[PDB]
């Protein structure tokens, strides 16, 4: 297969696939065939990813968005792209000025007692019947979701439908099912905005109303935030928990020392996914990078965790070392595109690991890790299940 194809099934969890390892050793920027069947440029190395994150010729913009080369087939992902390059710039700037104040240090610090309290409640439900239990579906997802709902302003009576609607939102190669969850989610969130415009509450939707006069527009905006943080946080709770099970003496040191726990969270972010953490861009003009020229209109695949195994940056990247320092991973991106939820994601993760392992020090897998499976055909795909006992 020339160019190499990315849809090479799914590698085992917590391991860098042979395909991606050879692509990275081959060149910093590689032409590949995407899961959707089109052609794209995979950025494989740390320095080149950083450079492209700071190059204003990469954008969520294309002269013909409907016909542009695709990474995967998903209409919700397609909503990030507009056909006017000036409009793409101003929309991106606007979105960052809307969202950045919601994740200030004061706000995340102030939310933290609430985050810890939500973790405690989810844990009670997770352990209520004793072991074994599914860490993914009965702790990681409900905890990740309850935090996002508390911050965004989704009441309890609607959180039950969210996991379902958000699941069908991420489905690949089924535009009709993505449209269903899109309909259901956009209608739910914009109705909340209509209410909170009249009766403001301490949540993000209420504060978005003060700068976004359209309730309709708050639908996709809020949906973006939820989808950006739900599976991303949940899957890192899952995989970080496995990494800790596999490295008990490092887990013991992280539990005894908060600074070591912060380092451990960073090492889990660096290494848990081990490639495949791709978001797309398009070139709006020719971009020379490494020894190739990305052409205007071309698809560019930014893989934010493949670069965390770049041997020219990380010594022994395949080893889990919570004391790794410095730890310049790019899991949250960089620059003008840097993940706005990163401070919240970090609090969620250290809250989860701290609570889980102090309450359940015997946590272990029910079956060998080789038997875990990632859901297929899913944007932001996580484990089907994570059975644990304690």
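Residue numbers count along the first chain shown, from 1.
Remark: stretch with higher mean C-alpha B factor among 67-75 and 272-280 is 67-75. When the mean C-alpha temperature factors of 151-159 and 262-270 are read from the deposited coordinates, 151-159 comes out higher. Going by the entry's values, 198 shows the largest Cα B-factor out of 254, 127, 300, 198.
Within the group 92, 247, 211, 114, the record's highest C-alpha temperature factor is found at 211.
Split the chain's modelled residues into thirds by C-alpha temperature factor. Residue 2 is in the highest one.
Annotation for residue 167: C-alpha temperature factor in the highest third relative to the rest of the modelled chain, per the entry. In the deposited entry, the Cα temperature factor of residue 221 sits in the top third of values across the chain's modelled residues. Placement of the Cα temperature factor of residue 383 within the chain: middle third of the modelled residues, per the deposited record.
Residue-level temperature factors show residue 311 in the middle third of its chain, judged at the C-alpha atom.
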